[PDB]
Every structure is written in structure tokens, then in C-alpha cells.
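Chains as they are written, first to last, in the entry's author numbering: chain A, 5 to 153; chain F, 1 to 341, 360 to 375; chain G, 1 to 341, 360 to 375.
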Ligand SMILES: Nc1ncnc2c1ncn2[C@H]1C[C@H](O)[C@@H](COP(=O)(O)OP(=O)(O)O)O1
Ligand SMILES: [Mg+2]
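The structure is reproduced here in C-alpha cells:
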């Protein structure tokens, strides 16, 4: 059976894709279980299932496993949610340059155009060196849900 | 020689677990070790029959599985049928000629009997999941991945049975049997028993629990739910079985039963450690064979191998052996589900007047 | 040698009951003889526990009995504890190393397991009627009147176990063991099995049923009714057990299972006949000890010895043996209860006038 990728294309189902993304999200964490997240997802595969619905399902499952006995699920679900939010806004994991993003966002009317008037392209590229995108890996799950919500 | 009713009146409370006078009168009003009386009562209270579990809707789920998941399920079911086939007869044949207290004698027969219910349920499961049960059963003896462990497991039993027969026929000493010289050592017999019990402990406490992980993973997906109910009943029995061998081993190791035995158990510590490590390694390779064509939701080679290391450390510590693997948390915590089961309006102004603002 | 999992893939439907290839895989989807599958299913459905039977009244009735009736009850209870002590372990130790088809292997373990429930119920009865059960259990081994026939039954078991060990260690042939020459004959081994099964049949079909008469005689007087409820459940099991050995004996005797066996059964016909008659004579001898201090309503030495001869003829004819005693009707017919389960006013004057006076 086939799933529907984020770009619209289709390919046959491969659970290793789910295993890999969970292994990455659980790296370094204590008392978490890749097996538990997949089984608590209760994911019902149908032919043509959206790959983004699959990811949202395993985010909710790992998020609901947050407990006193396994508090590190707060970071596993956050890393999965950060990963999901990266794809929604950029179509990829790595965010674009700050200048290229601001230009596109002002043209769409989502940012204030004063950003392009008060800062030059050389200044935007200089603020891109300030940014550390790995700081998205220090949030907890509750933080990310308030961010996206 | 072995006698089915020893003529000598002995105080059964003072006999050892093994190698003493064969049990004559079967009484259950007193025990040397009450753990085996508790194990009998617990087992008798768990009495179940395979036919009392509905397995009719399991055939639908099995046919719908992918081909590599049919293989995972059936390979795990063939391996279970093998192990409880050995366990059906072996405790009776290997231990009854050695036991010298009645409560341990009756437990071994209750232990062996409950294994026959397990074997009967495997036929019940197979009969309701595949079209020809002969296809599955005929593959058990010839299976290349299974047979290597079947001979390994049965050899510890076979060697104990052989020395026991020599010990009953000839007694201790140096004997001549058709020219060739044969030495019958009771100390060597005690060593073959201790190694056998260690092999049986790893069989029931590690090998089967790796198999439970496969069966219960399907149930966590609400599949094969009739099989999982039966395996749940088996796992409840299996917990009693490994508790029995744990108490046998620790009683032998501690020297409570036989002063000589505590020293013999120390000489075997390295061989027992290697026995468990080899058992753990064989199951990891078994997991490598299970997922060669793909994995499933909740279970793959890494996850199952991590459970092997997790469960082995727990079992080896229970019998006083060194931990061969790194400390780890339970990689499949879901398996524990299957292994254990208007205002008071009165005011006092005087009390408030005590307030200084 | 004996192996707990023979690595040869064999068609179990074509193996003999005994002395074939040791059973490897335990499967229950097919049987060579379905009698043993029916016996397993029937025994499992009869599963009962002694503690679920009310025996509280039995302490009062027993203490109220005359002293010579206390002797009858407790002597019969000691003798039952003795026999089912042997039966608890012996089918497992003596028959499992010889069985080569799985349905018969599992039946022997189900048979043996059900005997441990019997032994446990005897403890349940004893502990609920006397103050110190140790006085009763210690007397089973030290009383000279009971122990003498322990030797009769156990000797047939012990000799089969010994020859089986020689057969597994050395194989068939003439061997020298510490100077002395030892001959291992498979034909002599088959002869010791057939004799053993004959002795066990007489044990369960004659010896125990003579014992049932004593327990049920007390119940016909509405005494010891808690014991009688347990004995009735035991007797229901015993009916399955003697049906098992009857089928084993008749299958061996007819040559259907093993042609060589039919010839051996003919050489033993006289030895088997003497075995059954001796068993009856020993039970007659036991009845003399039960009533040495007096009798009770409905049962004395004469009545019970008549029942021994009555029941022996029935059992011996079932296994193709000549009747040793005179034909007689059932001397205790009450025991079968326990061993199973206006005017029509119309007138027609015209019809009457057609009548000639
Ligand atoms: N063929 C496949 N079958 C099942 N799940 C898949 C899959 N390919 C990707 N996934 C999972 C892995 C991710 O957790 C989730 C979406 O992640 P992604 O990498 O943003 O999606 P995609 O690779 O479809 O662009 O879907
Ligand atoms: Mg992807």
C-alpha cells in the first residue's frame, strides 16, 4: 500500500522511516520507548494515507506518554513536533536564510515591511550568524504546542 | 537403584531436595520448603483449558498480515511449540528420579502437566490460524534456525538423564562396562543437575519471554487477540515455572540443602554465566532471522535485542550471576500489561475582632 | 540412549505405542489411537480440587464412630494414600522413557497429574478428621500390615525402570558390567512392560474399587459424607485410568500396535493370570485386617471378599483372561450409585338388537 508524501508524490509504506525518525527523537533520552510510541499511535494505515497525518499521530502518542516515571517524553514529543513544524513552514528541516525568509514574508503581507527599510541585506545576514537553530532542541512539548498554537 | 516406594521410613523434612532417599508417602501437611507448596496451589488455581478461549477471529487477522509478518508470527509459534514440547516431558524424566522431598516431587509433575496444556493450546492456536497444521508441525524438527537450539537445550537434559541412570544402576565408583572404564561421580551428577536447572531457567525466564514480546506486540495492535489471551495464560504459568527454578538454584547455591552443593555451584559459576550469555546471543540471532524481511509496528531487531539484554540482566541477577550487558530501561514497557494482573456559613465576629490591621 | 527431543523427523502416526522413537514434537491435531485423546479431554473436564468440597461434618462423624469402625475408615484411608502415592510418580518415571506417540505421552502425564490431586485430597481428608496428621502418615510406612503390598505393586514398576535404564545405556545385546555378564533383551523389556501394565490395571480396576466399597458403605449410612464426595470424584477419575490401561493392554495383546507384542502377550498369559489372582488374594487378605476388630452394617469380611471375586472376574475378562472365581451376582448393588454420573353415555339400540340371547 501507498502513502502520500508532503510534496504530493506517493511511495509504498516503509516502517523504517518511522523507526528512524523516532530513534532520532529519542537519542540521549532516558526511559523512553520507540516501541511504545508506535503502538500507542494506533495508526490505521489506508492506501493513500497522508504522511503528515502519520507524523501528527505519533506526536500525540509520545506527548501523552509524559509521566513521572518517564519525564523525558517531554523532549521526544518536542523534537518530533519541532521536526513537524519545520516541514510545515519550509518543506525541509533546515530553515532558509533570514533575509530570504523576511523578503518572502513581507511580500506575502505576513511581516511588517519596515523590516526591509530599517535593515539592509548585509545586516540580515549578520543576524543570521547570531541565530542558533539548535536551540529549538531545548524546548519541552508544552512549549512547542504553545508556539504552533 | 531407583524405587517407586522406598521401604525405609525417613523424616522427609530432613531430606535434601535432590539425591536423598526416593519419596515414599506423598503428604502435603508439611513442607521443608514451602515455596513449592505455594507454587502448586498457585498453579492449581490457574488451571485453564485452551478451548475456553475464543480464537475464531484470529484467522481473519492472520490472513490479512503481510507475508513477512505471517513469517514472524509462525516462526515464533513453531519455536514455542518446540520449547514446551521439551518442557512437557523433560522435568518428569530428568527430575523425578532425583527428587527426595514430596512437595518438590509434586510440583515437578504439576509443572510438567501444565506444560502439556501449553502444548495443547499451541495446536489449538495453529488449528484456528492456518489451513493445514501439518505444514507447521512438520517444519519444527527440520527447521535450521530452531534445531540448533533444540539440541543445545535438550543436551543438558539428556546428559543429566544418562548420568542418573548410571548412578542408579552402578552407584558411585570406578566401573567397567564392556571393557571401557566408567567413573560414576555423585559430585559430577550434582554438577549436571545444576547446569541443567540453569539451562532450564534461561529457557523459561529468557527464551520464552523473548517469544512473549512477539506474541503480545501483535495484540498491542489489536491483532491475533485470541492467541494473545492464551499466551497471557501461558505467561502467567511461566512466571511460576521460572520462580521454581530460581528457588531450586538459590537453595543449591546457598548450601542450605547440601553443604557440598554450595562449593559445586561456585565451580560452575563461569560455565553458568557462559550458558546464559550463549542463550542471550542465540535469541538475538533468532531476532535477526525474524526481521530479515522487514519489521512491524512496535517491534524490530534493535527493539527485540534490547529486550534480550534487558531481560537477561534481570534473570542472571536473580540467580546470583554477573550482569553481561549494560544497564538498561525496559525497551517495551507495554509488555508488563500482559505479564502481571457547600460552604460553612457560620462566622464568629469575636474571633475576627482579634485581628489587628 | 534416551533423548528429550529426538532430532529425527518421523511420522508419529506410524510409530508404536512403546519402544519406538522417543517423542519429539508434541502435537494434538492427529492421533494414531484417539482413545488417549478422548481420555485427556475427559480427564481435563473432570478437574476438581479437594478444598472445594465441604468436609466439616466429617470430623464429628469420625470421632463419634465406634473404635473398630475408626479402624476400618482410617486403615482404608491409609491404604488409598499408599496406592495413589505410587501412582503419583510411577507412570511418569516408568512409562515416559518408553512412549513413542504424543497422545499417549500426554495421557500418562495427565494420568499422573490427576493422581497428585488424589494424594492431596487424602491429606485434605486426614487433616480435617484427626488432630495430628503425622500420626497417620508416619503409620503408612511403619505399619507392617500396610507396607507388605507396597512391595507387590512397586516391584513391577521398579524392574521395568531398571531394565529401561540398561536398555538406554547399553542397547540390546550381551554385555559385561564389572565382570558379571548382563543381557539386555528388548523382548524381555517388552515382557516387563506388559506385566507392569497388567499389575497397574489390577491396581486401579480391582484394588482401588475394593477400597471404594468401604468409603461408600459409610456414606450409605449418611456418615463421613464429605469423604464420600471426594471418593466419588476420585472414583470417576479411576474409571478413566483403568480404561487407559485396558486399551493399552488390549492393543498390545491383539498385535495391532506391534506384531512382536502379540507373541509376548501369549507367553505371559499364565504369568498375567497369576498376577491378577494374586492381587485379588492380597485384597482378600487386606479385608481380613480391616475387620479384625469387628464389622459394620452392610460390610464385613465375607461381603467384601465376595465383591473382590465379583469385580476381579469383570476386570480379568476385559483384558482377555480366564475367570478364576465362580460366577456370582453383585454382592453390593448399592455401590453402582457412586461409580457413575369417565363414561360415554352414548348407546345404540339398533346395534344392540342385532344381538341374539
Ligand atoms: N514510506 C513511508 N511509510 C510510512 N511512513 C513514512 C514513510 N515515509 C515517511 N514516513 C514518516 C516518517 C515521518 O515521521 C513522517 C513525515 O516525515 P517527513 O520526513 O516530513 O515526510 P516525507 O518523507 O513524506 O516528506 O512520515
Ligand atoms: Mg522524510
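Note that beta-carbon positions come from the ideal geometry of N, C-alpha and C, so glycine has one too.
Within its own chain, the residues whose Cβ lies closer than 8 Å to the Cβ of residue 59 (chain G), once the five positions on either side in sequence are excluded, are 128 and 129, listed in chain order.
Rounded to whole angstroms, the Cβ separation of residue 85 (chain F) and residue 153 (chain F) is 11 Å, and the two are not in contact under 8 Å. By the Cβ test, the segment 36-52 of chain A is in contact with the segment 65-82 of chain A, since at least three Cβ pairs between them sit closer than 8 Å.
Residue 141 (chain G) places its beta carbon 7 Å or farther from that of residue 184 (chain F). Cβ-Cβ distances below 6 Å link residue 202 (chain F) to 276 and 279 in the same chain, with the five nearest sequence neighbours on each side left out; the list follows chain order. In this structure residue 196 (chain F) does not touch residue 166 (chain F) by the C-beta definition: roughly 15 Å separates them, more than the 8 Å allowed. If you look at residue 114 (chain A), you'll find it isn't in any alpha helix (DSSP H); DSSP assigns it neither H nor E. Taking residue 296 (chain F) as the centre and dropping the five residues before and after it, the same chain places the C-beta of 69 closer than 6 Å to its C-beta, in chain order. Neighbours of residue 332 (chain F) in chain A, taken as residues at a C-beta separation under 8 Å, are given in chain order as 37, 39 and 40. The beta carbon of residue 43 (chain A) falls within 7 Å of a beta carbon belonging to chain F, placing the residue at that interface. When the beta-carbon positions are compared, residue 106 (chain G) and residue 116 (chain F) come within less than 7 Å of each other. Under the three-state reduction of DSSP, residue 292 (chain G) is assigned to coil, being neither helix nor strand.
For residue 18 (chain A), the shortest separation between its Cβ and any heavy atom of ligand 1 lies below 6 Å. A distance criterion of 6 Å places the beta-carbon of residue 7 (chain A) in contact range of ligand 1, judged by its closest non-hydrogen atom. Taking 7 Å as the threshold, the shortest C-beta distance from residue 220 (chain F) to chain A falls below it.
Assignment of residue 32 (chain G) by DSSP, reduced to helix, strand and coil, places it in the coil class.
The continuous alpha helix (DSSP H) containing residue 88 (chain G) extends over residues 67-95. Identification of chain A residues near residue 296 (chain F) by a Cβ-Cβ cut-off of 8 Å yields 19, ordered along the chain. By the rule that beta-carbons nearer than 7 Å mark a contact, residue 329 (chain F) touches chain A.
Residue pairing by DSSP places residue 173 (chain F) opposite F:184 in a beta bridge. By the neighbour-count criterion, in which a residue is buried when 16 or more other Cβ atoms sit within 10 angstroms of its Cβ, residue 56 (chain G) is exposed. If you check the C-beta of residue 221 (chain F) against ligand 1, you find no heavy atom less than 6 Å away.
In this structure, the beta-carbon distance from residue 93 (chain G) to residue 98 (chain F) does not fall below 7 Å.
For residue 9 (chain A), the three-state secondary structure derived from DSSP is coil. Cβ neighbours of residue 51 (chain A) within its own chain (closer than 8 Å, five residues either side excluded): 5 and 6.
Residues of chain G whose Cβ lies closer than 8 Å to the Cβ of residue 98 (chain F) do not exist; the shortest such Cβ separation is about 11 Å. Residues of the same chain with a CB within less than 7 Å of the CB of residue 236 (chain G), apart from the 5 flanking positions on each side, are 46 in chain order. Burial check for residue 112 (chain A): the Cβ neighbour count within 10 Å stays below 16, so the residue is exposed. Rounded to whole angstroms, the separation of the alpha carbons of residue 163 (chain F) and residue 187 (chain F) is 11 Å.
Residue pairing by DSSP places residue 54 (chain A) opposite A:8 in a beta bridge.
For residue 375 (chain G), the three-state secondary structure derived from DSSP is coil. The beta-carbon of residue 207 (chain F) is placed no less than 7 Å from the nearest beta-carbon of chain G. Listed along chain F, the residues sitting closer than 8 Å to residue 137 (chain G) by beta-carbon distance are 25, 27 and 29. Residue 160 (chain G) is a Cβ neighbour of residue 192 (chain G), given a cutoff of 7 Å. Here DSSP, grouped into helix, strand and coil, assigns residue 311 (chain G) to helix. Following the DSSP letters along the chain, one finds residue 15 (chain A) in no alpha helix (DSSP H) but inside the beta strand (DSSP E) bounded by residues 14-16.
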